[PDB]
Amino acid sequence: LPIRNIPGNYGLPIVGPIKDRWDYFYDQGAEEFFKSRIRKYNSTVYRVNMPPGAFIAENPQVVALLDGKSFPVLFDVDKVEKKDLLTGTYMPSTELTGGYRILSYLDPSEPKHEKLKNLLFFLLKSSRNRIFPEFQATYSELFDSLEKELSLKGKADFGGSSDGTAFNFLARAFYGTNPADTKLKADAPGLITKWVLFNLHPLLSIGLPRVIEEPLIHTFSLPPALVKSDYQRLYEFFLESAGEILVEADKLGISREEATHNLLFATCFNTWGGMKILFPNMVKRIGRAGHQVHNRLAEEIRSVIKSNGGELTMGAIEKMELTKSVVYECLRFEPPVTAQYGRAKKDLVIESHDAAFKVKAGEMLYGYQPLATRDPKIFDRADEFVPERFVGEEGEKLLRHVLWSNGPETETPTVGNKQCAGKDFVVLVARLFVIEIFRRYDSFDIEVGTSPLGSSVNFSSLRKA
């Protein structure tokens, strides 16, 4: 491939990044922000300023990788450092995380990365026999509540009930603990939401006019002290509920305190936060797929469970081809966590489709994942949600290009990489969600809106089996 100069520039000091920030949040929105520049520069690799800049991030300047050939450099731990960049060009204060740098911020060259990731691997494996019954019990209650609400209001707000369900499910599945039986009661979603906002506000718009938002959430960090007591309520819940897992932490050589902050983060930030985005997005995209697709999913799921003597098991799920494909297609079409960063460890030659680009050691690389996973040079019908995309031998080959977990779907998370520790769990629970919907309902209708973190979604009809 020809070597090209990386196009783009950072504009004038102070004003360049602020203008780009306005485009990103207000005047274009993230997708058009990136696509307009792809068009202008005639390149899927270019220089751009990223939020938050201002007084929160020291350096907003990145090289953006916006195709499925260049993007995977972000996974290669020999090419990129993955230290302190979970949230990009700033890192939330460790005052928000008990004074610890939590697992997600650690590079694999840090020895505690291996210990803590092994801890989470153990958490997930030890949960294996609780996942199915706890999912089926908690989500059954959710759909009961949604039917109730639809009968009262003629629509049912999915997010407003499902956030509690997700936390109850995780507490029961991971820790054999019902939050209702603890001091947390039903308060966890509100607590976690506030704490997550204190972490992520520099990257979010919450609807308000730019005259309010810019000085209030985009210029300076919100003070961690204001969420400390909320965080302590969550901490005490995890300390008291995670007994069995804390024994394993002890064996792995991790302090009780460090283990507990990491369990809190993995459960609340990574898992519950990820589900908070994913599940409403699934309801939206599957809703939009239409009633014929719903009918085909119901037919498949019910027939398979019938063939399995009414017992839902891992092997039964493997028979549900359209179901597996639909879940993969949600993750391809709308990756829940869209921003991945890595800092070049050494000089690199990054290949795109039609040119290669040279980056110097120390440059911040950035990828907006949906542009890599909706890359029309990789996927046919790239901007179409195609339920059956991954069905069969040929379809399954394309899973190497589904990147939601910060690595190819065909690859396994390890202590040596920064791929999502919960990769298999997420795909499992996403499948369980679709299964629970269509074992109960023939089809459904939705109404949709925006949310600071993903979509807002109402059911307007739920057609019972």
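Throughout, we count residues from 1 along the sequence that is shown.
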Taking the mean of the C-alpha B-factors per stretch from the entry, tell me the winner out of 113-121 and 180-188.
-> 180-188
Stretch exceeding the other in mean C-alpha B-factor - 237-245, 201-209 | 201-209
Member of 285, 302, 148, 261 with the greatest C-alpha B factor (per the PDB record) | 285
Relative to the other modelled residues in the chain, which third contains the C-alpha temperature factor of residue 88: lowest, middle or highest?
-> middle
Third of the chain, ranked by Cα B-factor, where residue 393 sits | highest
Tertile call for residue 381 (CA temperature factor, within chain, third-based) is the highest
Going by the recorded CA B-factors, say which third of the chain residue 346 sits in, lowest, middle or highest.
-> highest
Residue 409 - which third its CA temperature factor falls in, relative to the rest of the chain = middle
